[PDB]
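Peer 1: Below is run.cif; it holds mmCIF, N, CA and C atoms.
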```
data_input
#
loop_
_atom_site.label_atom_id
_atom_site.label_comp_id
_atom_site.auth_asym_id
_atom_site.auth_seq_id
_atom_site.Cartn_x
_atom_site.Cartn_y
_atom_site.Cartn_z
N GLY A 1 4.15 4.32 21.84
CA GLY A 1 5.59 4.45 21.54
C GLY A 1 6.45 4.32 22.78
N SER A 2 6.58 3.11 23.31
CA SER A 2 7.46 2.84 24.43
C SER A 2 7.76 1.36 24.46
N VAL A 3 9.05 0.99 24.56
CA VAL A 3 9.56 -0.35 24.87
C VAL A 3 8.65 -1.41 24.23
N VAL A 4 8.64 -1.43 22.89
CA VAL A 4 7.69 -2.23 22.13
C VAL A 4 8.09 -3.72 22.18
N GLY A 5 7.88 -4.38 23.32
CA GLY A 5 8.42 -5.70 23.63
C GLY A 5 9.68 -5.54 24.48
N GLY A 6 10.69 -6.39 24.26
CA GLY A 6 12.04 -6.25 24.79
C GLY A 6 12.84 -5.24 23.96
N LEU A 7 12.26 -4.07 23.70
CA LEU A 7 13.00 -2.94 23.15
C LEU A 7 13.64 -2.18 24.29
N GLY A 8 14.71 -1.44 24.01
CA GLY A 8 15.42 -0.65 25.00
C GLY A 8 14.71 0.67 25.29
N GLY A 9 13.38 0.74 25.12
CA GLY A 9 12.58 1.93 25.34
C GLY A 9 12.03 2.47 24.03
N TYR A 10 12.61 2.05 22.89
CA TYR A 10 12.42 2.56 21.53
C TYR A 10 10.93 2.77 21.24
N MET A 11 10.62 3.85 20.55
CA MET A 11 9.33 4.24 20.05
C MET A 11 9.14 3.57 18.68
N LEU A 12 7.91 3.58 18.16
CA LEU A 12 7.49 2.93 16.92
C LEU A 12 6.77 3.98 16.06
N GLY A 13 7.29 4.24 14.86
CA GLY A 13 6.86 5.26 13.91
C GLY A 13 5.42 5.09 13.47
N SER A 14 4.79 6.19 13.09
CA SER A 14 3.49 6.19 12.46
C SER A 14 3.58 5.45 11.13
N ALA A 15 2.54 4.68 10.81
CA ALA A 15 2.43 3.87 9.61
C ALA A 15 2.66 4.74 8.37
N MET A 16 3.73 4.46 7.64
CA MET A 16 4.09 5.08 6.38
C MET A 16 3.43 4.28 5.27
N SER A 17 3.74 4.62 4.04
CA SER A 17 3.32 3.88 2.88
C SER A 17 4.57 3.39 2.16
N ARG A 18 4.36 2.35 1.36
CA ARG A 18 5.38 1.61 0.64
C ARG A 18 6.16 2.52 -0.33
N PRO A 19 7.46 2.79 -0.10
CA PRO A 19 8.28 3.62 -0.98
C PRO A 19 8.44 3.07 -2.39
N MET A 20 9.10 3.87 -3.23
CA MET A 20 9.64 3.44 -4.50
C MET A 20 11.16 3.54 -4.46
N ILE A 21 11.83 2.42 -4.76
CA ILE A 21 13.26 2.20 -4.64
C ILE A 21 13.62 1.30 -5.83
N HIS A 22 14.69 1.63 -6.55
CA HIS A 22 15.06 1.03 -7.82
C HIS A 22 16.44 0.36 -7.74
N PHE A 23 17.24 0.70 -6.73
CA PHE A 23 18.48 0.03 -6.30
C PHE A 23 19.65 0.06 -7.28
N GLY A 24 19.40 0.05 -8.59
CA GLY A 24 20.43 -0.01 -9.61
C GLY A 24 20.61 -1.41 -10.19
N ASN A 25 19.65 -2.33 -10.01
CA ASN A 25 19.54 -3.49 -10.88
C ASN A 25 18.08 -3.55 -11.31
N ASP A 26 17.81 -3.92 -12.56
CA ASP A 26 16.43 -3.95 -13.07
C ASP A 26 15.62 -5.02 -12.36
N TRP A 27 16.25 -6.16 -12.04
CA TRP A 27 15.60 -7.21 -11.29
C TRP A 27 15.26 -6.76 -9.88
N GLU A 28 16.13 -5.99 -9.22
CA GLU A 28 15.91 -5.47 -7.88
C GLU A 28 14.69 -4.57 -7.88
N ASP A 29 14.67 -3.55 -8.74
CA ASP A 29 13.52 -2.68 -9.00
C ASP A 29 12.23 -3.49 -9.16
N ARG A 30 12.19 -4.41 -10.14
CA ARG A 30 11.03 -5.24 -10.42
C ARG A 30 10.67 -6.11 -9.22
N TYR A 31 11.65 -6.73 -8.56
CA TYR A 31 11.38 -7.66 -7.48
C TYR A 31 10.75 -6.90 -6.33
N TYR A 32 11.40 -5.81 -5.92
CA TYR A 32 10.91 -4.87 -4.94
C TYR A 32 9.48 -4.49 -5.28
N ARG A 33 9.22 -4.07 -6.52
CA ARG A 33 7.89 -3.77 -7.04
C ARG A 33 6.91 -4.91 -6.81
N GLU A 34 7.19 -6.12 -7.30
CA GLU A 34 6.27 -7.24 -7.19
C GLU A 34 5.96 -7.63 -5.74
N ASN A 35 6.76 -7.21 -4.75
CA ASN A 35 6.47 -7.39 -3.32
C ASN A 35 6.43 -6.07 -2.53
N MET A 36 6.20 -4.92 -3.18
CA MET A 36 6.34 -3.61 -2.54
C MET A 36 5.42 -3.44 -1.32
N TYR A 37 4.21 -3.99 -1.40
CA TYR A 37 3.19 -4.00 -0.35
C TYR A 37 3.44 -5.07 0.72
N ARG A 38 4.43 -5.95 0.56
CA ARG A 38 4.80 -6.94 1.57
C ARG A 38 5.78 -6.36 2.58
N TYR A 39 6.50 -5.29 2.24
CA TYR A 39 7.46 -4.69 3.14
C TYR A 39 6.76 -4.02 4.32
N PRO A 40 7.49 -3.83 5.43
CA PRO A 40 6.97 -3.14 6.59
C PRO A 40 6.65 -1.69 6.26
N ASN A 41 5.71 -1.12 7.00
CA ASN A 41 5.20 0.22 6.83
C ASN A 41 5.60 1.10 8.02
N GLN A 42 6.09 0.55 9.13
CA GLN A 42 6.56 1.33 10.28
C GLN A 42 8.02 0.97 10.58
N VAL A 43 8.68 1.78 11.41
CA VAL A 43 10.07 1.64 11.83
C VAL A 43 10.19 2.03 13.31
N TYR A 44 11.24 1.62 14.03
CA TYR A 44 11.42 1.94 15.45
C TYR A 44 12.67 2.77 15.69
N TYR A 45 12.58 3.78 16.55
CA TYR A 45 13.65 4.73 16.82
C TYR A 45 13.70 5.04 18.31
N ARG A 46 14.75 5.72 18.76
CA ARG A 46 14.87 6.25 20.12
C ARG A 46 14.74 7.79 20.02
N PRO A 47 14.57 8.53 21.12
CA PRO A 47 14.49 9.98 21.11
C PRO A 47 15.86 10.56 20.78
N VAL A 48 15.96 11.18 19.60
CA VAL A 48 17.08 12.04 19.25
C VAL A 48 17.21 13.11 20.34
N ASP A 49 18.45 13.40 20.72
CA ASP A 49 18.85 14.49 21.59
C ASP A 49 20.21 14.98 21.11
N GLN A 50 20.80 15.89 21.88
CA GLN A 50 22.05 16.55 21.59
C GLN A 50 23.27 15.63 21.55
N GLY A 51 23.17 14.41 22.07
CA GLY A 51 24.19 13.38 22.00
C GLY A 51 23.85 12.30 20.96
N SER A 52 22.61 12.25 20.46
CA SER A 52 22.28 11.46 19.29
C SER A 52 22.79 12.16 18.03
N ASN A 53 22.64 11.49 16.90
CA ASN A 53 22.87 12.00 15.56
C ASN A 53 22.15 11.10 14.57
N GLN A 54 21.97 11.55 13.33
CA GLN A 54 21.22 10.81 12.32
C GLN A 54 21.89 9.46 12.07
N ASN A 55 23.22 9.45 11.97
CA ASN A 55 24.04 8.25 11.78
C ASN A 55 24.07 7.33 13.02
N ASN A 56 23.35 7.65 14.09
CA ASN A 56 23.07 6.72 15.19
C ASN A 56 21.57 6.46 15.31
N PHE A 57 20.71 7.35 14.79
CA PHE A 57 19.27 7.23 14.92
C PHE A 57 18.77 6.31 13.82
N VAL A 58 19.08 6.64 12.56
CA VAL A 58 18.72 5.88 11.38
C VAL A 58 19.44 4.54 11.44
N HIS A 59 20.74 4.55 11.72
CA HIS A 59 21.54 3.34 11.79
C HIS A 59 20.93 2.35 12.78
N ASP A 60 20.69 2.77 14.03
CA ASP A 60 20.14 1.84 15.01
C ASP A 60 18.71 1.48 14.64
N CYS A 61 17.92 2.42 14.11
CA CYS A 61 16.57 2.17 13.65
C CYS A 61 16.50 1.07 12.60
N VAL A 62 17.42 1.03 11.63
CA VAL A 62 17.50 -0.04 10.65
C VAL A 62 17.74 -1.36 11.38
N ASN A 63 18.57 -1.36 12.42
CA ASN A 63 18.89 -2.57 13.16
C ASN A 63 17.69 -3.00 13.97
N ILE A 64 17.12 -2.11 14.78
CA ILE A 64 15.99 -2.36 15.64
C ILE A 64 14.81 -2.84 14.82
N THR A 65 14.45 -2.14 13.75
CA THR A 65 13.31 -2.52 12.92
C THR A 65 13.51 -3.92 12.37
N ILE A 66 14.67 -4.22 11.80
CA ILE A 66 15.01 -5.55 11.34
C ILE A 66 14.94 -6.51 12.54
N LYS A 67 15.46 -6.15 13.70
CA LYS A 67 15.40 -6.98 14.89
C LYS A 67 13.97 -7.19 15.40
N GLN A 68 12.96 -6.43 14.96
CA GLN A 68 11.56 -6.69 15.31
C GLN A 68 10.67 -7.11 14.14
N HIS A 69 11.22 -7.29 12.95
CA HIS A 69 10.46 -7.72 11.79
C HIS A 69 11.15 -8.86 11.03
N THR A 70 12.37 -9.18 11.41
CA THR A 70 13.20 -10.23 10.88
C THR A 70 13.56 -11.11 12.07
N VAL A 71 14.18 -10.56 13.13
CA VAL A 71 14.66 -11.43 14.22
C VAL A 71 13.48 -11.90 15.08
N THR A 72 12.37 -11.19 14.98
CA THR A 72 11.12 -11.42 15.68
C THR A 72 10.12 -12.13 14.75
N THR A 73 10.52 -12.58 13.55
CA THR A 73 9.57 -13.02 12.53
C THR A 73 10.11 -14.23 11.77
N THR A 74 11.37 -14.23 11.31
CA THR A 74 12.01 -15.41 10.73
C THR A 74 11.99 -16.55 11.75
N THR A 75 12.28 -16.22 13.02
CA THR A 75 12.20 -17.15 14.14
C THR A 75 10.77 -17.67 14.33
N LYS A 76 9.76 -16.95 13.83
CA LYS A 76 8.37 -17.35 13.94
C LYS A 76 7.99 -18.15 12.71
N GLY A 77 7.52 -17.51 11.65
CA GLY A 77 7.02 -18.18 10.46
C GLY A 77 7.51 -17.51 9.18
N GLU A 78 8.60 -16.74 9.24
CA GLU A 78 9.20 -16.20 8.02
C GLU A 78 10.48 -16.96 7.66
N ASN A 79 10.92 -16.79 6.42
CA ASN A 79 12.23 -17.19 5.91
C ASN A 79 12.68 -16.13 4.92
N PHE A 80 12.66 -14.89 5.40
CA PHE A 80 13.25 -13.74 4.74
C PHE A 80 14.63 -14.13 4.25
N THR A 81 14.84 -13.94 2.97
CA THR A 81 16.15 -14.12 2.41
C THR A 81 16.93 -12.84 2.56
N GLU A 82 18.25 -12.96 2.48
CA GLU A 82 19.12 -11.82 2.67
C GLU A 82 18.85 -10.78 1.59
N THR A 83 18.43 -11.22 0.40
CA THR A 83 17.89 -10.41 -0.68
C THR A 83 16.72 -9.53 -0.19
N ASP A 84 15.76 -10.10 0.54
CA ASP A 84 14.61 -9.36 1.06
C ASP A 84 15.09 -8.31 2.05
N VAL A 85 15.99 -8.68 2.95
CA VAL A 85 16.45 -7.79 4.00
C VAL A 85 17.37 -6.71 3.41
N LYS A 86 18.12 -7.01 2.35
CA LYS A 86 18.83 -6.01 1.55
C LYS A 86 17.85 -5.00 0.99
N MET A 87 16.63 -5.39 0.64
CA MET A 87 15.63 -4.43 0.20
C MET A 87 15.15 -3.61 1.40
N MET A 88 14.91 -4.26 2.54
CA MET A 88 14.44 -3.58 3.74
C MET A 88 15.47 -2.58 4.28
N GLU A 89 16.76 -2.80 4.05
CA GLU A 89 17.81 -1.85 4.42
C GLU A 89 17.69 -0.51 3.69
N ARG A 90 16.79 -0.36 2.70
CA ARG A 90 16.58 0.86 1.96
C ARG A 90 15.28 1.48 2.42
N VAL A 91 14.21 0.69 2.45
CA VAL A 91 12.91 1.14 2.92
C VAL A 91 13.02 1.70 4.34
N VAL A 92 13.61 0.96 5.27
CA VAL A 92 13.67 1.35 6.67
C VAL A 92 14.58 2.56 6.81
N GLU A 93 15.67 2.62 6.05
CA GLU A 93 16.56 3.77 6.03
C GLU A 93 15.74 5.01 5.68
N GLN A 94 15.06 5.03 4.52
CA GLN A 94 14.39 6.27 4.10
C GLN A 94 13.17 6.58 4.96
N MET A 95 12.52 5.55 5.51
CA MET A 95 11.42 5.71 6.45
C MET A 95 11.93 6.37 7.73
N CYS A 96 13.02 5.88 8.31
CA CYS A 96 13.52 6.42 9.56
C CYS A 96 14.22 7.76 9.36
N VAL A 97 14.77 8.01 8.17
CA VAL A 97 15.11 9.35 7.70
C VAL A 97 13.88 10.24 7.82
N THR A 98 12.74 9.83 7.27
CA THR A 98 11.54 10.65 7.27
C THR A 98 11.06 10.87 8.70
N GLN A 99 11.15 9.85 9.56
CA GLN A 99 10.77 9.98 10.95
C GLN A 99 11.75 10.89 11.71
N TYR A 100 13.04 10.88 11.35
CA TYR A 100 14.08 11.72 11.93
C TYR A 100 13.85 13.18 11.54
N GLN A 101 13.50 13.45 10.29
CA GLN A 101 13.31 14.81 9.80
C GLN A 101 12.11 15.50 10.51
N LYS A 102 11.25 14.71 11.17
CA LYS A 102 10.21 15.15 12.10
C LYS A 102 10.79 15.24 13.51
N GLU A 103 11.27 14.12 14.07
CA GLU A 103 11.66 14.00 15.48
C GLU A 103 12.85 14.90 15.81
N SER A 104 13.85 14.97 14.94
CA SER A 104 15.02 15.79 15.15
C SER A 104 14.60 17.24 15.29
N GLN A 105 13.77 17.72 14.36
CA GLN A 105 13.26 19.07 14.36
C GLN A 105 12.33 19.32 15.55
N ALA A 106 11.85 18.28 16.23
CA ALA A 106 11.14 18.39 17.50
C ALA A 106 12.13 18.49 18.67
N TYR A 107 13.24 17.74 18.62
CA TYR A 107 14.28 17.70 19.63
C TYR A 107 14.89 19.09 19.76
N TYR A 108 15.46 19.59 18.67
CA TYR A 108 16.23 20.80 18.55
C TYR A 108 15.44 21.99 19.06
N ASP A 109 14.22 22.15 18.55
CA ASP A 109 13.26 23.24 18.73
C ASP A 109 13.88 24.64 18.62
N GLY A 110 15.03 24.75 17.93
CA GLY A 110 15.88 25.93 17.98
C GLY A 110 17.28 25.63 17.46
N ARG A 111 17.94 24.62 18.03
CA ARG A 111 19.29 24.22 17.59
C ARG A 111 19.30 23.47 16.25
N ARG A 112 18.20 23.53 15.48
CA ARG A 112 17.96 22.75 14.27
C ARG A 112 18.71 23.26 13.05
N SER A 113 19.11 24.53 13.13
CA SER A 113 19.71 25.41 12.15
C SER A 113 19.14 26.79 12.44
N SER A 114 20.01 27.77 12.65
CA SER A 114 19.69 29.18 12.76
C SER A 114 20.86 29.89 12.10
#
```
Output the structure of this file as structure tokens.
Peer 2:
Amino acid sequence: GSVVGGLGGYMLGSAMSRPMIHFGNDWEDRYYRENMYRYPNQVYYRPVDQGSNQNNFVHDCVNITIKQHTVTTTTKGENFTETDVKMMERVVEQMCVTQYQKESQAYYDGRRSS
């Protein structure tokens, strides 16, 4: 978990498993389903601290992860459609939420809520 390529130092999450996300269109639910195992299983984040926040950790994590699985992959041998990346904007969000609910509670060690 350090500078995974030309990352700004960012760490790389432990391998998660493929979420369930239904989006609010039946085709989206089904489409996501028919490729659920094709989506990424890890996400990239920076160390939360007292000047970070979830809306900068998760937000940048969605960008960074896409920038290492879309910007690092469409340029290679992918042609991810914006539809696919619209799906990844949910998976990576809830994944990096899950990674934050660990890392943040490691950062705080006290300031987490008392």
Peer 1: Given all atoms listed in the file as the basis, pick out the residue of A:94, A:114, A:46, A:26 nearest to residue 8 of chain A.
Peer 2: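 Closest residue, counting all atoms listed in the file: A:46.
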Peer 1: I need every residue sitting at most 8 Å from the point (14.9, 1.2, 12.6) (coordinates as in the file, only C-alpha atoms considered), written as a list in words.
Peer 2: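 The residues near that point, listed by chain and number, are residues 43, 44, 45, 57, 58, 59, 60, 61, 62, 63, 64, 65, 66, 92, 93 and 96 of chain A.
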Peer 1: Go ahead and write the residues just picked, N, CA and C atoms, as an mmCIF file, in the coordinates of the input.
Peer 2:
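This went into selection.cif:
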```
data_model
loop_
_atom_site.group_PDB
_atom_site.id
_atom_site.type_symbol
_atom_site.label_atom_id
_atom_site.label_comp_id
_atom_site.auth_asym_id
_atom_site.auth_seq_id
_atom_site.Cartn_x
_atom_site.Cartn_y
_atom_site.Cartn_z
ATOM 1 N N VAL A 43 8.680 1.780 11.410
ATOM 2 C CA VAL A 43 10.070 1.640 11.830
ATOM 3 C C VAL A 43 10.190 2.030 13.310
ATOM 4 N N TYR A 44 11.240 1.620 14.030
ATOM 5 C CA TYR A 44 11.420 1.940 15.450
ATOM 6 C C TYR A 44 12.670 2.770 15.690
ATOM 7 N N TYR A 45 12.580 3.780 16.550
ATOM 8 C CA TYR A 45 13.650 4.730 16.820
ATOM 9 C C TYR A 45 13.700 5.040 18.310
ATOM 10 N N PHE A 57 20.710 7.350 14.790
ATOM 11 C CA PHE A 57 19.270 7.230 14.920
ATOM 12 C C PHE A 57 18.770 6.310 13.820
ATOM 13 N N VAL A 58 19.080 6.640 12.560
ATOM 14 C CA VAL A 58 18.720 5.880 11.380
ATOM 15 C C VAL A 58 19.440 4.540 11.440
ATOM 16 N N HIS A 59 20.740 4.550 11.720
ATOM 17 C CA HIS A 59 21.540 3.340 11.790
ATOM 18 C C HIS A 59 20.930 2.350 12.780
ATOM 19 N N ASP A 60 20.690 2.770 14.030
ATOM 20 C CA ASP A 60 20.140 1.840 15.010
ATOM 21 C C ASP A 60 18.710 1.480 14.640
ATOM 22 N N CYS A 61 17.920 2.420 14.110
ATOM 23 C CA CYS A 61 16.570 2.170 13.650
ATOM 24 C C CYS A 61 16.500 1.070 12.600
ATOM 25 N N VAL A 62 17.420 1.030 11.630
ATOM 26 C CA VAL A 62 17.500 -0.040 10.650
ATOM 27 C C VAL A 62 17.740 -1.360 11.380
ATOM 28 N N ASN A 63 18.570 -1.360 12.420
ATOM 29 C CA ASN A 63 18.890 -2.570 13.160
ATOM 30 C C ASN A 63 17.690 -3.000 13.970
ATOM 31 N N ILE A 64 17.120 -2.110 14.780
ATOM 32 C CA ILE A 64 15.990 -2.360 15.640
ATOM 33 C C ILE A 64 14.810 -2.840 14.820
ATOM 34 N N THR A 65 14.450 -2.140 13.750
ATOM 35 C CA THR A 65 13.310 -2.520 12.920
ATOM 36 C C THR A 65 13.510 -3.920 12.370
ATOM 37 N N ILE A 66 14.670 -4.220 11.800
ATOM 38 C CA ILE A 66 15.010 -5.550 11.340
ATOM 39 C C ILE A 66 14.940 -6.510 12.540
ATOM 40 N N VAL A 92 13.610 0.960 5.270
ATOM 41 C CA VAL A 92 13.670 1.350 6.670
ATOM 42 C C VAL A 92 14.580 2.560 6.810
ATOM 43 N N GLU A 93 15.670 2.620 6.050
ATOM 44 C CA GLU A 93 16.560 3.770 6.030
ATOM 45 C C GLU A 93 15.740 5.010 5.680
ATOM 46 N N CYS A 96 13.020 5.880 8.310
ATOM 47 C CA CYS A 96 13.520 6.420 9.560
ATOM 48 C C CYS A 96 14.220 7.760 9.360
#
```
Peer 1: I need the residue set behind the PyMOL selection byres (((chain A and resi 19 and name CA) around 10) and name CA) for this file; please write it as a list in words.
Peer 2: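 Applying the expression gives residues 16, 17, 18, 20, 21, 22, 32, 33, 36, 37, 39, 41, 90, 91, 92, 94 and 95 of chain A.
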Peer 1: How many Å separate atom CA of residue 68 of chain A from atom C of residue 24 of chain A?
Peer 2: 27.6 Å
Peer 1: Please indicate the distance in Å from atom CA of residue 48 of chain A to atom CA of residue 104 of chain A, rounded to one decimal place.
Peer 2: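 Separation of atom CA of residue 48 of chain A and atom CA of residue 104 of chain A: 5.9 Å.
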Peer 1: Just give me the gap between atom CA of residue 28 of chain A and atom N of residue 40 of chain A in Å, one decimal is fine.
Peer 2: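 That distance, rounded to one decimal, is 15.8 Å.
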Peer 1: Name all residues at most 10 Å from residue 107 of chain A (count only C-alpha atoms; drop same-chain ones fewer than 3 positions away) and give them as number ranges by chain.
Peer 2: A: 47-50, 100, 102-104, 110-112
Peer 1: What are the centre and edge lengths in Å, to one decimal, of the axis-aligned box around all listed atoms of segment 22-39 of chain A with 3 Å added on each side, as AutoDock Vina command-line options?
Peer 2:
```
--center_x 11.9 --center_y -3.0 --center_z -4.4 --size_x 23.4 --size_y 15.3 --size_z 23.4
```
Peer 1: Give the alpha helix (DSSP H) residues of chain A, as assigned by DSSP on the backbone, as a VMD selection string.
Peer 2: chain A and resid 26 to 34 54 to 69 82 to 108
Peer 1: To test your reading of the syntax: which residues would the PyMOL selection byres ((chain A and resi 12) around 8) return for the file shown? Reply as a PyMOL selection string.
Peer 2: chain A and resi 1-4+9-11+13-15+42-46
Peer 1: Based on DSSP run over this structure's backbone, return all residues of chain A in strand (DSSP E or B), as a count of residues only.
Peer 2: 4
Peer 1: Between A:98, A:23, A:88, A:51, which has the minimum distance to residue 70 of chain A (counting only C-alpha atoms)?
Peer 2: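 Using only C-alpha atoms, the shortest distance to residue 70 of chain A belongs to A:88.
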Peer 1: Considering only C-alpha atoms, state which residue in the set A:53, A:75, A:25, A:81 is at the smallest distance from residue 105 of chain A.
Peer 2: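 Smallest separation from residue 105 of chain A among the options: A:53.
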